[PDB]
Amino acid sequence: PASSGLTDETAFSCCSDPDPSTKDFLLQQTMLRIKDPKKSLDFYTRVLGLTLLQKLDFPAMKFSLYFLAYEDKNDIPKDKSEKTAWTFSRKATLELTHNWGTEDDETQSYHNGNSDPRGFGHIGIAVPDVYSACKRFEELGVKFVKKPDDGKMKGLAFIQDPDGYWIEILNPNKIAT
């Protein structure tokens, strides 16, 4: 018999209460490789309103890490070890990995995971209003994967960041619609 996926019963039967040893675990980051941190920084801060928590450089290994999150910049400790302990204990951060030199390599780009080979699909951002969010996006020149009133599910948008990664733009109080 063909897969018609799991019933909710099979689904929840596979689910377990968290072992108590896991009770302070925290989903801390999603890492995406980025070609140009100038574009990506502009994009995430100026377009989507994230804040740059910390920039870490690895000279020996030739990359930097940029952690972005929705956090007030006045909360960031300014001292390096204190910044670090604070950043890595934030929930929901983006870690953008810049392998140095990819910005000036015109033969290099990353793969967004949405065409062969497929894997990762997107990150997603909850907004209060998708239609003003998207109208604002149009005004600033964001490439769209899906306009909110386009395609099948109206009220749901997918935009792209400067590397092509998909970003769902979503209204949590109108998803069940």
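Throughout, rigid core stands for the largest set of C-alpha atoms superposing within 1.5 Å between the two forms. All residue numbers refer to positions in the sequence shown, first residue = 1.
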item: Higher-deviation segment by CA RMS in 5 other deposited structures of this protein, core fitted, 155-163 or 15-23; value: 15-23
item: Greater Cα displacement in 5 other deposited structures of this protein once the core is superposed, comparing 35-43 with 145-153; value: 145-153
item: Between 126-134 and 37-45 (mean CA B-factor, as deposited), the higher; value: 126-134
item: 154-162 set against 10-18, stretch whose average Cα temperature factor tops the other in the entry; value: 10-18
item: Identity of residue with top Cα B-factor, from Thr97, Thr107, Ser89, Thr93; value: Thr107
item: Among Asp116, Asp149, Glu139, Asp57 - the residue whose C-alpha B-factor is largest in the record; value: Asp149
